[PDB]
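Undergrad: Before we start, here is the structure in question, set down as structure tokens.
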Amino acid sequence: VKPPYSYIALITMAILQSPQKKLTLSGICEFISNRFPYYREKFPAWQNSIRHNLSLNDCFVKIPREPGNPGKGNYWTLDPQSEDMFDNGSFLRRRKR
DNA sequence: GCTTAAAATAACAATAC
DNA sequence: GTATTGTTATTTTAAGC
């Protein structure tokens, strides 16, 4: 059902798409599932997968189980670094792996 | 044809409520 | 006690030499 793809890319865009300086792991899961149905169909653990490609890359700060996460109500905050490491490049989705 | 790197995936673990 | 997130580590895939 279609091959896999770079999540970091979708992530970088998920964060970039939000220049408001804010993001939510859950929100992303929705933004992705909303974008890709197949992904929301199989969802072979897009939790760690996303969160992985989400954190493992940008290297930002997130908020764990807070007093305002009834189900999937969390908050993720990223510093002005992701857009920095990106702007520098030119949307390289590999970088001579 | 082989190895190396990075990307992608999965499982657990820790905190918080 | 339960629920949500976070962190780590392992795996797999694909491209680099």
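Identifiers in the structure tokens: chain A, B, ... in order shown; residue index from 1 per chain; ligand index from 1 in order shown.
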I'd like the contact shell of residue C:17 - 12 Å cut-off, only C-alpha atoms (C1' of nucleotides), skipping same-chain residues fewer than 2 positions apart - returned as a PyMOL selection string.
TA: (chain A and resi 96) or (chain B and resi 1-4) or (chain C and resi 15)
Undergrad: Considering only C-alpha atoms (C1' of nucleotides), extract the chain C residues located within 7 Å of chain A and return them as a PyMOL selection string.
TA: chain C and resi 4-6+15
Undergrad: Can those selected residues be exported to a file as a compact mmCIF listing (two decimals), in the first residue's frame so that it contains C-alpha atoms (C1' of nucleotides)?
TA:
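Wrote selection.txt, looks like this:
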```txt
# COMPACT_ATOMS: atom_id res chain seq x y z
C1' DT C 4 -0.70 11.12 27.66
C1' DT C 5 3.79 12.15 26.17
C1' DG C 6 8.57 11.77 25.92
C1' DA C 15 21.59 5.44 -1.67
```
Undergrad: Find the residues of chain B that sit at most 8 Å from chain A; for each, write down the nearest two atoms and how far apart they are in Å, to one decimal. Count only C-alpha atoms (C1' of nucleotides). Sort by chain, then by number going up, and give it as a tab-separated table.
TA:
```
residue	atom	partner	partner_atom	distance
B:5	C1'	A:97	CA	5.4
B:6	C1'	A:97	CA	5.3
B:7	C1'	A:6	CA	6.3
B:8	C1'	A:49	CA	6.8
B:9	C1'	A:49	CA	6.0
B:10	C1'	A:45	CA	7.5
B:15	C1'	A:65	CA	7.3
B:16	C1'	A:65	CA	5.5
B:17	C1'	A:67	CA	6.8
```
Undergrad: Name the residues in contact with stretch 82-90 of chain A at a cut-off of 12 Å, using only C-alpha atoms (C1' of nucleotides), excluding same-chain residues fewer than 5 positions from it; report them as a tab-separated table (two decimals) with N, CA, C and O atoms, in the first residue's frame.
TA:
```
chain	number	residue	atom	x	y	z
A	8	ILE	N	10.46	13.21	8.55
A	8	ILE	CA	11.13	14.43	8.97
A	8	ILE	C	10.72	15.58	8.06
A	8	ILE	O	10.54	16.71	8.51
A	9	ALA	N	10.57	15.25	6.78
A	9	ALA	CA	10.17	16.24	5.80
A	9	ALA	C	8.78	16.78	6.14
A	9	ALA	O	8.59	17.99	6.27
A	11	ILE	N	7.39	16.61	8.81
A	11	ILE	CA	7.49	17.25	10.11
A	11	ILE	C	7.95	18.70	9.92
A	11	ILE	O	7.25	19.63	10.32
A	12	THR	N	9.12	18.85	9.32
A	12	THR	CA	9.67	20.17	9.07
A	12	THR	C	8.60	21.10	8.51
A	12	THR	O	8.55	22.28	8.86
A	13	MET	N	7.77	20.54	7.64
A	13	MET	CA	6.70	21.31	7.02
A	13	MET	C	5.55	21.54	8.01
A	13	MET	O	4.89	22.58	7.96
A	14	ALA	N	5.35	20.56	8.88
A	14	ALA	CA	4.30	20.64	9.87
A	14	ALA	C	4.63	21.76	10.87
A	14	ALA	O	3.73	22.41	11.39
A	15	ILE	N	5.92	21.93	11.10
A	15	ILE	CA	6.38	22.96	12.02
A	15	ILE	C	6.47	24.30	11.29
A	15	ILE	O	6.06	25.33	11.82
A	16	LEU	N	7.01	24.24	10.08
A	16	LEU	CA	7.15	25.44	9.27
A	16	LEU	C	5.77	26.00	8.95
A	16	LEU	O	5.55	27.21	9.05
A	17	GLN	N	4.88	25.11	8.56
A	17	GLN	CA	3.52	25.50	8.22
A	17	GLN	C	2.90	26.31	9.36
A	17	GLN	O	1.91	27.01	9.15
A	18	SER	N	3.51	26.19	10.53
A	18	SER	CA	3.03	26.90	11.70
A	18	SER	C	4.08	27.91	12.16
A	18	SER	O	4.81	27.65	13.12
A	19	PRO	N	4.14	29.06	11.44
A	19	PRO	CA	5.09	30.11	11.77
A	19	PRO	C	4.66	30.87	13.03
A	19	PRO	O	5.34	31.80	13.46
A	21	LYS	N	4.85	29.90	15.74
A	21	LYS	CA	5.75	29.48	16.80
A	21	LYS	C	4.99	28.63	17.81
A	21	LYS	O	4.82	29.02	18.97
A	54	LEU	N	9.73	13.93	14.60
A	54	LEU	CA	9.32	15.25	15.03
A	54	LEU	C	10.40	15.84	15.94
A	54	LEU	O	10.90	16.94	15.69
A	55	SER	N	10.74	15.09	16.97
A	55	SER	CA	11.75	15.52	17.92
A	55	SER	C	13.15	15.25	17.35
A	55	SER	O	14.00	16.14	17.33
A	56	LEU	N	13.34	14.02	16.91
A	56	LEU	CA	14.62	13.62	16.35
A	56	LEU	C	14.84	14.34	15.01
A	56	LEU	O	14.61	13.76	13.95
A	57	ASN	N	15.26	15.59	15.12
A	57	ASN	CA	15.51	16.39	13.93
A	57	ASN	C	15.51	17.87	14.32
A	57	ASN	O	16.55	18.53	14.28
A	58	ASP	N	14.33	18.36	14.69
A	58	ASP	CA	14.18	19.75	15.08
A	58	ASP	C	14.95	19.99	16.38
A	58	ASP	O	15.69	20.97	16.50
A	59	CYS	N	14.76	19.08	17.33
A	59	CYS	CA	15.43	19.18	18.61
A	59	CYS	C	14.85	20.39	19.36
A	59	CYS	O	15.56	21.36	19.62
A	60	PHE	N	13.57	20.28	19.69
A	60	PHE	CA	12.89	21.35	20.40
A	60	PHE	C	12.44	20.88	21.78
A	60	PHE	O	12.92	19.86	22.29
A	61	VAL	N	11.52	21.64	22.36
A	61	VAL	CA	11.00	21.32	23.68
A	61	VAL	C	9.50	21.04	23.57
A	61	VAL	O	8.78	21.75	22.87
A	77	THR	N	6.60	23.03	21.60
A	77	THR	CA	7.23	24.31	21.30
A	77	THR	C	8.61	24.09	20.69
A	77	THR	O	9.42	23.33	21.23
A	95	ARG	N	20.28	14.26	1.79
A	95	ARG	CA	21.61	14.75	2.14
A	95	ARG	C	22.63	13.62	2.04
A	95	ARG	O	23.24	13.24	3.04
```
Undergrad: Any chance you could list, as a ChimeraX atom specification, the residues in chain A that come up strand (DSSP E) when DSSP is run on the backbone?
TA: /A:61-63,75-77
Undergrad: Just checking: using only C-alpha atoms, which residue out of A:78, A:1, A:10, A:92 ends up closest to residue A:29?
TA: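 That would be A:10, the residue with the smallest distance to residue A:29.
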Undergrad: Name the residues of chain A that come out as alpha helix (DSSP H) in a backbone DSSP run; write them as a PyMOL selection string.
TA: chain A and resi 7-16+25-35+37-42+46-58+82-88
Undergrad: Work out how far apart atom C1' of residue C:13 and atom CA of residue A:3 are and give it in Å to one decimal.
TA: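 Value for the atom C1' of residue C:13-atom CA of residue A:3 distance: 10.2 Å.
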Undergrad: Can you measure atom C1' of residue C:11 to atom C1' of residue B:13 for me? One decimal in Å is fine.
TA: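 Computing it gives 19.5 Å between the two atoms.
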Undergrad: Would you mind reading off the distance between atom CA of residue A:2 and atom CA of residue A:36, one decimal, in Å?
TA: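 Straight-line distance from atom CA of residue A:2 to atom CA of residue A:36 works out to 11.3 Å.
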